[PDB]
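As written, the chain order gives the labels A, B, C, D and E, with residue 1 at the start of each chain.
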Amino acid sequence: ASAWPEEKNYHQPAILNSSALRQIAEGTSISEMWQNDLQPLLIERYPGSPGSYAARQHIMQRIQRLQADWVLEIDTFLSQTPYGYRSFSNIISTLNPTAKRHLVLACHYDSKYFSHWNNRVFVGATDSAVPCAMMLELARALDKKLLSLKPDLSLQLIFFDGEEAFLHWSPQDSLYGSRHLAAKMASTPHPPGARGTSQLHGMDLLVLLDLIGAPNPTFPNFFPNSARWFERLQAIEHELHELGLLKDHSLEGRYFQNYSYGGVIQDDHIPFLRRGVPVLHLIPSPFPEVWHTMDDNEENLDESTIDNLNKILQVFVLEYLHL
Amino acid sequence: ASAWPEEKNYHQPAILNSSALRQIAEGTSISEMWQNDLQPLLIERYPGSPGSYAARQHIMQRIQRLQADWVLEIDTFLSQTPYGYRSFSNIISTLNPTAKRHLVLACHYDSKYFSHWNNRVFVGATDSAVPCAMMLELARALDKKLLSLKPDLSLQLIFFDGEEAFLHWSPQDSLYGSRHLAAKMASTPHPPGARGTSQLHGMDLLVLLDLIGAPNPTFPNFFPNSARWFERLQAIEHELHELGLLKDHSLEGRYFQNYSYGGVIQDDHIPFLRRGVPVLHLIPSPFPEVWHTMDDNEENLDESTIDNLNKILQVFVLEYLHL
Amino acid sequence: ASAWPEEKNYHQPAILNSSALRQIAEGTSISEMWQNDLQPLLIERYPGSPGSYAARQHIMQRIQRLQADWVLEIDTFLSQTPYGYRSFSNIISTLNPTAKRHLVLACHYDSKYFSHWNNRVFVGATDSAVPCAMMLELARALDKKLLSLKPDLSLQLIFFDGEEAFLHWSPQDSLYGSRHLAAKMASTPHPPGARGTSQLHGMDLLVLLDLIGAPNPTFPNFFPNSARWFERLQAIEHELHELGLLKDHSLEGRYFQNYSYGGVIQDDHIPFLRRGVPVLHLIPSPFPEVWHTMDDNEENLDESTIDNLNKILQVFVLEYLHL
Amino acid sequence: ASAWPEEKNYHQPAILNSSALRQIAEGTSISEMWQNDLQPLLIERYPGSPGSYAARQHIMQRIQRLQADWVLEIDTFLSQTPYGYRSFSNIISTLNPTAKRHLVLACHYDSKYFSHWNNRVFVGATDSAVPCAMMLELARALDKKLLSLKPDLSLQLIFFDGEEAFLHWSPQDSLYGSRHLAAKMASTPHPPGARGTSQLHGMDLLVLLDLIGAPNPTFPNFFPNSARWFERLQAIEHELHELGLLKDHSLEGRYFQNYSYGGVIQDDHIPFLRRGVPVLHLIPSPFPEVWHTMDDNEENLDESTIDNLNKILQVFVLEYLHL
Amino acid sequence: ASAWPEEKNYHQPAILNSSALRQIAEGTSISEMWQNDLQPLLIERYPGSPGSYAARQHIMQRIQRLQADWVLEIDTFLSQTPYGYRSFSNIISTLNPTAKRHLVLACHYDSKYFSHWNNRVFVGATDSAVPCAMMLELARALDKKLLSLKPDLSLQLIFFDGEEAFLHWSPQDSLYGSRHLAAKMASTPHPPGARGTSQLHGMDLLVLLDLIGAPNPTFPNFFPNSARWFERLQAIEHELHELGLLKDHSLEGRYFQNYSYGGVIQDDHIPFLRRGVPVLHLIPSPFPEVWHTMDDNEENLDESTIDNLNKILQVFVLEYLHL
């Protein structure tokens, strides 16, 4: 067939100059994000719940009101769990769904399920409420530029549901949302009409944000097939440092350090990885100290790190998308 | 509905004082244990074998002679192999088998089958006679305190048979004992009469000992859902050291180094991990130089290190149980 | 020369409970430090200048108003430099100067001489105004607990002058105020009336703060006769973390990391060290990125890290003094 | 004083764009250097000796035949030694009489004295004949651009004599050319007529190249007053790398690694360093394997590493000089 | 002179085959040493004390009683201190006083001086009573092959006195004996009637034992002129291990790791090192945790580690000596 599915293998960023980067840095607001994007989401929001719907509405609302012609879809489905068939809902938000190639940013909007205990609630600030807010805050901060899209390539965001186990992490009880959509897409021809290419051939790259939020992350370079793009976040991190544009930051506490990792982490990316989509797994190693504790709350998030990652990521994208 | 299967995430140790610690370090005798508990286990003991029945037997005698109300079982069972059908007997000792919740220590009591070489015999002193002796010594040394068990929690031991492969490593040629027991436990209501919860629900934490006894062990932190418990070993090791109760010991050769391990090792924890039991896998990395050679013998054991880990394990276990 | 001068070698801390620590963390304000004790010193203030007298002046005032009975002295003295003789002044603030033994906290309060460039002035935010405010905030915060000094031990703060070189780093041109004070103290009987014992005998341990206030600092353990005191800084850091009373703080970026250093930094400890005083040199390695640049301003300080090191240091100090 | 002595503190470089960096990298033949600039120097050449005068002569000849206004000088002198007084002869080559400020590159052109063995003769290929050759070649390859010198700053090349000891390394028996040349310049006014300031005040940075030519060298960041220039050598090496311009080179095998060093190496920079000159000491740690052995010859030099470092340096210099 | 003193520069060792290595292991007995060699040294033994004389005498009886023709000098001398002039007695034991060249091994027989605290007493087991013994036992263990000295090369031991400061470490107050004996050897011709070569010229390598006998030592490769012999100590530790000739020993806790050092440790080698004698400094880094505490006692020595270092040292000496 046509070879556009190989394009992703040769695609270069449009690196930005200092003045551009000063602009981007000034364009994102961590407090706006914190107030209007993220505090809504710090609720018990596990699949089913009132939380899940409130969270779901909140995401689309906040997307809905932007100037770029974002196409929100829901994709409610049903899957078996160790408590029976429960109902899930993935969020997709697409720009230019005819864009044969998309760069995808994705995270997970469900919250793990826990019995209230001591009258506390798990609300999953880093796991993964913050990554949802960052993707939100990037759609906003970059809206004027993202409008320019009316290379055949645009941007999709995915918010997955049912990432976490219901009882116990196993292949059977985990990634409900992403195993659904991996399949759905591997079987949806793309572009419409085509005869050999799926919605996955048109994932250039999947950037999975998971567990972001805590002080002192270090992100490993998980895959050779996305390493060049990891290097670019290294380069972006550096230059935004060399230019004043990061806060409480030092290069001896870099986020992205050339440290490859041993065994694989399981996460919403796996249903895509093994179908051949190159992945960039922005999850930290070690996990946050508050992982799956009630203490994974607002109080233990380093606003200042998150701001620095907001900027790094926002640049990464404009550079991919050549805006 | 009862949520007692969650009590394990919120479980905290009752940490001990410097009198207590001195007392423990005092009442464990590496030299008795060496003579009374481990020297008997140092024989060819692959499943089948006369060794196996001897060891099985040894193990039960030295438990049967202590005062606390241990209940030993011998799950003997058949299972297929590359050499046809064969028979395995796991050893399960248990205090308070209605103790709804149990902390579990475990190891394997077989020895791998090797032909005889230069009239040398493979006896597995670290793989895994030493862990078996360690476990038996801990029941001895803690006996008077374990009596106290007449939070509904108690202790349980397991000595798995057929951990090693008969011919060659594989899902199908290995972990005969634990694969078997993990299933039978997943299918057993705990507590009697329960309707939705199995005995695995009652396993707090599985501490599994493998490949102990060589010099300069280094134990990684393998799993994030047991990592606060690995922190307690770090912390126990520390205090027992600053208080001068370890032998030939320095912090520049700690045993528990806060280092995270890439992959998964395969071992008797596997069937219980993939079903959602937390594991504290006390296996070192790298394995001991003598691994799976005829040199895994007594002459190459480090008394001092084994004795240090006894103290550490014994204190871990008392703090877990609140004794 | 009695045998009191060796008690330092056996001194041990009075470790605190989790309730104390909580009080210690809660009773230090980094924002009051920021305006009352630190923002005033951020001015050109090399030796001689009018800044030197104003910073000098500030310090004493901020001490003079506290309840403890601080005995300020001033130690003005003349020395040759590359630009000719000049007049320096060390500040010394002593509790219980008859206190035969003292723990000493010290920084330097000059600022390096630089000509102005682009109309910016060098002010030394980390080199070493934060340290001065740290030492000044510590005496405020701990004031009430320090009236109780009426073992014979007390606390002395020292603010050195002329630490930095005038023109070109060298033994002739550097440490003007601590070469002087060593020697002065090295030859001043202590206690009064003494006959064989100098005031350096009575110096238990000298904690030198320097270059503090940038993000992600790493302090080494430089000297073996003080490691045990470093180790207590390690342990405090850990404990304040595990109770939740540090901020944006992760243990994979501790500040005190058991890492030994090879060479020596020259700094104001040197004249006391080669007099056999025990030094705890809280100077980080690598130096900050803004070292000796005009960018060593307020804008580039990490308030979180300094709250943190303040809490730690305050604790360290109450345990040293058994308060 | 005036202000000019401090201009160096604020000097930024004129970074080169890609096209340029290529043009430099084609500019330099390692083969031309190898045969024209280096092979003449592979001779026994300890001070006094005929290779001492032949070396001296050769160097000069190669500068003389360049366009640029190199002003040569011999500085023959005489110092006490363990074999009596003897006569040395530094070589200085300067562009610009008045260039108030100079970047200096420097290297030592003697050879340690060794009696002959198995008919073998020490010729210090890396110690330091390659550094020399390197400096020559950079003269050669940057002539035309160095013409453009008719910010008041230029270049200077020094080739110290008497670096190595005659007998046994010590302050009194080592560093003969450079202890003399730093005292002499520290007592010569610059610029001519000046009432306050030395030619040292004019030395912007002394780049000392020693021990260069072995495979896989790593150079550390010895000094913090030249760390930004170290960082630039790194940025250059990365960038020359990622553009394809280096040979047999990976970033896993970089030369300039952010690895500070503890204490100091004694080399020809010391006389200048204590006098307040900033130093970029391109010496490797560890020293080469052939260090001070007859085996320090041509056969053990890695031609590929030298080409690469030629490139890196010549760039470093064109960018310091805003050429 | 001549070149006879450049011979150290070329000395290759006569390396042993496995069969010999086994004899040497068999040949030394750590229980013999512990009882007959070291336990007498474990007394308060500063310079001038009766212990000092006790200890001085013991050494000599242990060497007098062997058969090789050890030749005991006794440099006694006076020197000023912070407590007055006092008397010091080195011990020197040569084989072939006329043998031009000499491998020299040395340690120090004094104990620091401490008051008596809780009726406890500082005795210096690691520092340096073990290295004294290790050298004693080296000579017992090797006597028969040492006899074979009737390459003009032989062996020398040195038990320095006064190494430790009397009051507070410092060039004026330390290394009393080595400074004496270094200067006295520098100004003694050798071999007799030589006209420009001293005893120090016929120190081929100085092997300095210090701070030995604690668990888990790591020894840096401190000097480049001695590095090739550190690489021998490494190759020896390896081969002895790969033959199961060391106890309780993994290569992941090697004793000699090829890691270079930054700064410099001050010890009895300085006075020879700045006079140009090659030094293999066997002092660990870090120091023992018990350094200059009362716990530097026999209770805290690692018998296995010492026994392993005896073997390594006895092999090193023989391959040097071509025995």
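Methods note: contacts are C-beta pairs under 8 Å (C-beta built on N, C-alpha and C of every residue); 3 or more make two chains touch, one makes a residue touch a chain.
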item	value
For chain A and chain D, chains touching each	C
Chain nearest the overall Cα centroid	C
Label of the chain whose CA centroid is most distant from the centroid of chain E	A
Chain pair equivalent in interface to C-E, over half of contacts matched, among A-C, B-E or C-D	C-D
Centroid spacing, where centroids are CA-atom means, of chain B and chain D in whole angstrom	62
Inter-centroid spacing, chain E versus chain B (mean Cα positions, whole Å)	45
Mean-CA-position distance for chain E and chain D (Å)	41
Junction residues of chain D - those touching two or more other chains	261-263
Interface residues, chain A side, partner chain B - complex	114-115, 117, 165, 167-170, 261-263, 285-287, 291-292
Interface residues, chain E side, partner chain D - complex	3, 6, 9-10, 224-225, 260-264, 274-276
Chain B partner contacts - residues on chain E that touch it in the complex	214-216, 218, 244, 248-253, 286, 289, 295, 302, 304-305
